[PDB]
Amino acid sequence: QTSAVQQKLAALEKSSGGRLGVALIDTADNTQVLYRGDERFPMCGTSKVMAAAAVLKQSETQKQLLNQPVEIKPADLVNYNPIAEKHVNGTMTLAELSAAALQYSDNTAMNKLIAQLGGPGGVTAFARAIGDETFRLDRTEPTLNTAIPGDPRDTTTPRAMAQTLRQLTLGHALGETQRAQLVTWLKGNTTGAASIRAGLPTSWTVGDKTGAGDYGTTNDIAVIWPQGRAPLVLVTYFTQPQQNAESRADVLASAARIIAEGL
């Protein structure tokens, strides 16, 4: 029994040609708005939030951990390494790797975070530890972005990812310093101008992490501080039938525009 919000999202999906998943949490009253909220979608780089958060969690007991330099070898480079390529035969700290993964979508940086956690299963284990029973990371970069229809690897649901992002950024899944650090990283993201941010009032403060993959997969997850209102969490996932489909950041902006009405 759908609301006008869900009806608008359905119409957007229909016009888009793809499959759209949305979850909004309004922390003012703890209400949720879902569209395909319990269907799995390929996370792509939105999974980098869970990896960075897992390393932040480790640093709560190893307080110098974020300062630890990690070697970058030529063999480490994958398909998109805008920051890591500046440190070949050099190092980046775990803080620097987190910033590069989150703010520049650096795939080599993500692989170093995954390795720090003992492999993709270590990222999943962190998810389970904070009560995310849905998230799964199975692969490293770049194969975690294959986004094959029906493939459960490297997927989650919009509802689960919104709940997790809320707990990480507004709740207390992380310690106080670590939560603030994650918020700082998300706020400074460089890759999201055309996605959720493009559909929200410009006065609203936003932290986000985008995702991109095959099948024209175009994702964004955001924590949002609206004007004179309690914060929101918004997940917008989008994937398409053709392996070689072009990105559709505009669909995410449009979903955000719909969701923002009345808020």
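Just count from 1 along the sequence shown to find any residue number.
- Here 34 to 42 and 57 to 65 are compared by their mean Cα B-factor, and 57 to 65 comes out higher.
- Relative to its counterpart among 21 to 29 and 245 to 253, 21 to 29 has the higher mean temperature factor, C-alpha atoms as listed in the PDB entry.
- Residues shown: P158, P142, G188, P149. Highest C-alpha temperature factor in the entry: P149.
- Highest CA B-factor among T210, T202, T236, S47, as stated in the entry: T202.
- Annotation for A109: CA B-factor lies in the lowest third of the chain's modelled residues.
- Per the PDB record, residue ranking by Cα B-factor puts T217 in the middle third of the chain.
- Per the PDB record, residue ranking by Cα B-factor puts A194 in the middle third of the chain.
- When the CA B factors of the chain's modelled residues are split into thirds, the value for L165 lands in the lowest one.
- In the deposited entry, the Cα temperature factor of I130 places it in the highest third of its chain's modelled residues.
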